[PDB]
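Any read-out appearing in this document is the output of simple, stated calculations on the displayed coordinates, not a laboratory observation. Virtual Cβ from ideal backbone geometry, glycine too; neighbours counted across all protein chains shown.
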Amino acid sequence: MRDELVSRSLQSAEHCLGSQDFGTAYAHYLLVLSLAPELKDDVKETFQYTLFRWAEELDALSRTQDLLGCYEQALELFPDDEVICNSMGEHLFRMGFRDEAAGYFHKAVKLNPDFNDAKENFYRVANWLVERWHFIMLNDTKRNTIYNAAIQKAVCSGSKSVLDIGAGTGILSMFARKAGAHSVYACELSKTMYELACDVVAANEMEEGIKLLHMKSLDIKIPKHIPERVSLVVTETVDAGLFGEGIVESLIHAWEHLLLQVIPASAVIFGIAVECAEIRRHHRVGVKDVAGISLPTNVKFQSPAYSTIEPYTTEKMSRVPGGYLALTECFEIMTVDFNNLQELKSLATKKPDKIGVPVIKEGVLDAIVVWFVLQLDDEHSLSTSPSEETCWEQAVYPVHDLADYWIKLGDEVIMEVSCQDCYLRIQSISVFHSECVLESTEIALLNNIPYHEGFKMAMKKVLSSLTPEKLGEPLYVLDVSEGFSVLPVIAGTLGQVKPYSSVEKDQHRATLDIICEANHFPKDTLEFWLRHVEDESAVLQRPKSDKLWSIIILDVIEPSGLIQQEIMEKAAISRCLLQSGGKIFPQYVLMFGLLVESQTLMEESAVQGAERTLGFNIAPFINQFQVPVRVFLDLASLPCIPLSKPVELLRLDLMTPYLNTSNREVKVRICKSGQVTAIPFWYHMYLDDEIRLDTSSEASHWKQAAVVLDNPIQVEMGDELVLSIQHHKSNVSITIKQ
Ligand SMILES: Nc1ncnc2c1ncn2[C@@H]1O[C@H](CSCC[C@H](N)C(=O)O)[C@@H](O)[C@H]1O
């Protein structure tokens with residue numbers, strides 16, 4: 001009764017499926033599969049479904065506890081099966097368990113290193129886990145050298161017990177240990193960071209006096225974790241705005257619990273007022289008419305200038321597209337002594353304070369650029385000014401709501417400063433002349449005029465071509481652009497047009513209707529197509545009738561610089577909903593790129609060996625999380641050396657299916673001798689065969705991307721290389737051959 005008496009579990013699991021019961025079905029399928037390897041492929045997909053829905057049931061009951069073990073059993077049943085590994089990793093990633101799905105993606109890649117989707121998902125998980133700026137920090141030789149010198153000077157002064165807050169890779173704890181610290185303790189909130197910090201400390205042979213903890217500093221207890229109050233506290237929990245990573249609260253906790261009567265010792269914040277057209281394009285709507293659509297003055301847009309995410313942006317002002325003008329002189333904003341618990345407490349209960357700065361160059365007030373000097377001690381200090389090429393960035397406070405932004409010689413800039421929520425907040429920015437929440441990409445979209453001009457022209461062309469008078473009931477226009485878009489309002493002016501906007505914000509819909517009224521629109525015209533209860537994007541149907549669409553504005557390019565996923569599938573869906581003459585915008589897309597030499601991209605993607613880290617071996621452990629593509633790039637101010645001519649890497653036709661090829665190859669003319677390190681790329685969107693939008697143009701809101709290489713390639717002027725390009729459904733892969 002071992003062979004026959006089995007699949008009664010299967011016949012009961014069918015009944016359980018009929019009753020929406022997945023636990024009994026999962027257990028029955030476990031019984032059937034673990035007793036019959038012959039059925040592993042017969043009920044593969046049904047078991048997959050059963051386990052997915054049972055895991056959803058378990059997550060609804062807050063039973064991750066056993067959900068992870070259930071997924072582990074599912075793996076145990078199927079050994080080398082990269083398909084199940086990948087699919088289950090995506091299901092774990094979807095439920096919010098990235099720290100756990102990372103291992104499943106790693107195993108899926110280990111079973112087949114050529115699995116496309118496995119690697120393309122592992123890169124997502126690694127980008128979410130390890131943060132990019134870490135790579136820029138470990139490669140800062142100046143930062144590492146100065147921190148090592150300061151920690152050594154502190155240890156030689158009598159500090160034998162050192163605690164590292166925000167240890168990350170544990171390189172600061174290793175600096176302390178190598179300097180001769182007796183007791184070294186480190187803490188890091190991230191699971192993955194603790195994970196590879198263990199590896200780094202072990203391989204560098206320092207697990208003796210370095211005790212690692214997986215917790216925030218605010219969770220440390222004495223003597224439960226560390227046995228005593230330490231004599232030294234090191235940390236690098238600082239950002240562009242210093243307080244952005246919460247050093248104040250952590251150091252208040254450290255002085256109140258874990259310290260004897262701190263590196264860094266102090267900080268002096270400096271600021272300046274800058275003119276910059278790019279910052280203005282990203283954080284201020286300059287134009288008041290958008291291709292014939294008048295924006296009313298009572299509807300004022302703003303960027304995330306908050307009043308709880310950062311109320312400022314971060315920019316590398318040392319390489320801003322175009323440049324920047326210093327309208328004033330570098331002036332002090334505040335000073336923080338990290339060896340002052342009184343001041344650290346008073347900053348929370350501190351009221352704002354005003355500062356006035358004179359103008360030295362007449363221009364346009366566009367932003368407030370803020371950096372700081374981190375005083376490790378009386379000797380060592382690290383600056384983050386744009387004149388210094390370090391790893392850090394500069395904080396940028398935008399300037400909203402002023403009658404005139406022109407400042408002259410003799411005027412001042414008056415501003416309040418406050419650190420009331422441990423976040424550097426500069427407010428009340430005004431100029432005494434001497435006697436909607438749109439994102440940065442949305443602001444730059446409104447500021448981008450050629451986009452709207454070309455869209456209006458192509459829309460008018462197609463609409464007039466579809467009207468019966470020239471073809472020999474109003475026309476329907478669909479806009480599925482992700483975010484704010486005035487394209488439906490533009491289309492509404494071109495005759496009997498029914499525009500549909502997929503914008504999902506209530507605020508944005510109200511604003512679009514107010515703008516329509518400002519343009520004397522019948523309010524019934526602009527209909528908002530936010531249709532769903534829980535759908536990712538506005539899934540594509542026809543209107544209330546099957547009267548097929550005339551114009552469908554798809555979203556093809558992600559503002560990160562990559563091609564937006566499910567593009568060809570959504571285009572194939574949309575092609576069936578067009579009438580005999582309809583159009584999908586864009587009509588096609590040409591992906592262009594070139595080969596360059598950039599040390600900047602190399603050091604942005606991965607760590608450059610023990611050179612930068614001063615002997616300590618950290619690159620092999622952290623470069624496991626390096627990704628092949630840099631996103632959100634401005635090729636306008638990219639520090640590199642071009643090595644070839646820009647060529648077409650890909651074509652993507654959205655009206656024609658059978659065109660968009662797969663494994664294409666391109667021959668590239670190497671027109672300069674050097675070292676290929678990366679492949680930047682951008683796009684040209686052809687709406688009409690005449691009209692073209694250049695995503696690399698300095699008026700575009702989009703960003704460019706770049707495939708960064710692991711090992712730089714040596715080439716000479718006159719050589720010709722080959723590039724293999726794959727458009728795998730929702731991803732683009734660019735590999736090289738000599
Ligand atoms: N109070 C705290 N306790 C533990 N980790 C913290 C923390 N505050 C911030 N962090 C984390 O520490 C990380 C900083 S890494 C900064 C230092 C760098 N890893 C080095 O040793 O050279 C951030 O990812 C942040 O999330």
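Taking other C-beta atoms within 10 Å as the exposure proxy, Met206, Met88 rank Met206, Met88 from fewest upward. When only alpha carbons are used to place a centre, region 356-370 and region 651-676 end up 46 Å from one another.
Taking the Cα centre of the chain as reference, the dipole from Cβ charges on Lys and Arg (+1) and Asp and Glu (-1) amounts to some 740 debye.
Across region 489-504, computed HN-Hα scalar couplings (Karplus, 6.51 cos²θ - 1.76 cosθ + 1.60, θ = phi - 60°) run 5, 5, 5, x, 7, 9, x, 5, 10, 10, x, 10, 10, 8, 4, 9 Hz from first to last residue, x flagging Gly and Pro. Note that region 649-659 has calculated 3J(HN,Hα) couplings of 8, 8, 10, 9, 8, 9, 8, 10, x, 5, 9 Hz, one per residue in order, obtained from phi through the Karplus relation 6.51 cos²θ - 1.76 cosθ + 1.60 (θ = phi - 60°); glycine and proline are x.
In a solvent-free Debye calculation with one equal scatterer on each Cα, what is log10 I(q)/I(0) for region 232-275 at q = 0.19 Å⁻¹, listed in the order of the q values? Debye curve over Cα of region 232-275, log10 I(q)/I(0) at q = 0.19 Å⁻¹: -0.64.
Starting from the coordinates of the alpha-carbon atoms of region 448-553, obtain the Kirkwood hydrodynamic radius over all distinct pairs and give the value in Å to one decimal. Spell out each step's value before the answer.
Values: mean 1/r = 0.0697 Å⁻¹.
After inverting the pairwise mean of 1/r, the radius is 14.4 Å.
Legend: P(r) of region 266-438 from all alpha carbon pair distances, 10 Å bins from 0, whole percents, reading 9, 34, 36, 16, 4, 1, 0.
Enumerate the residues in region 690-734 having an amide nitrogen under 16 Å from the point lying 7 Å beyond the Cα of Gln599 toward its Cβ. Only 712-713 fall inside the zone, counting backbone N under 16 Å. Loop-located chymotrypsin sites (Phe, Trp or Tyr not before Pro) in region 638-703 (DSSP state not H, G, I, E or B) with no more than 14 neighbouring Cβ atoms inside 10 Å: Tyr658.
Electrostatic bookkeeping for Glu412 treats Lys and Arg as +1 and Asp and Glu as -1; over the other residues with beta carbon under 15 Å from its beta carbon, the sum is -3. In terms of other Cβ atoms within 10 Å, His28, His532, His520, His225 run from fewest to most in the order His520, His532, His225, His28. Taking a point 7 Å out from the Cα of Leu260 in the direction of its Cβ, the residues of region 163-205 whose backbone N falls within less than 19 Å of it are 163-165, 173, 176-186. Taking the empirical scaling 2.2 N^0.38 Å for compact globular proteins as reference, the chain has a Cα radius of gyration ratio of 1.08. The loop-placed GluC sites (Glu not before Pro) in region 313-388, going by DSSP, that have at most 10 neighbouring Cβ atoms within 10 Å of their Cβ come out as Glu379. Exposure proxy for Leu487, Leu341: other Cβ atoms within 10 Å of each Cβ, ordered fewest to most, give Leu341, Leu487.
Taking amide H as placed 1.01 Å from N in the peptide plane, the amide H of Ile557 sits under 5 Å from that of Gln564, each at least 5 places away or on another chain.
What trypsin sites (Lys or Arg not before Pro) does region 101-180 have in DSSP loop regions with at most 16 other beta carbons within 10 Å? Can you show the working numbers first?
Details: sites: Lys107, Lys110, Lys119, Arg124, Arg132, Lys142, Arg143, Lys153, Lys160, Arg177, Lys178; in loops: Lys160.
When the trypsin sites (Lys or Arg not before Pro) of region 101-180 are filtered for loop state and at most 16 Cβ neighbours within 10 Å, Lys160 remain.
Computed 3J(HN,Hα) for region 84-91, one whole-Hz value per residue from the Karplus formula 6.51 cos²θ - 1.76 cosθ + 1.60 where θ = phi - 60°, is 5, 3, 5, 4, 5, x, 5, 5, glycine and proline marked x.
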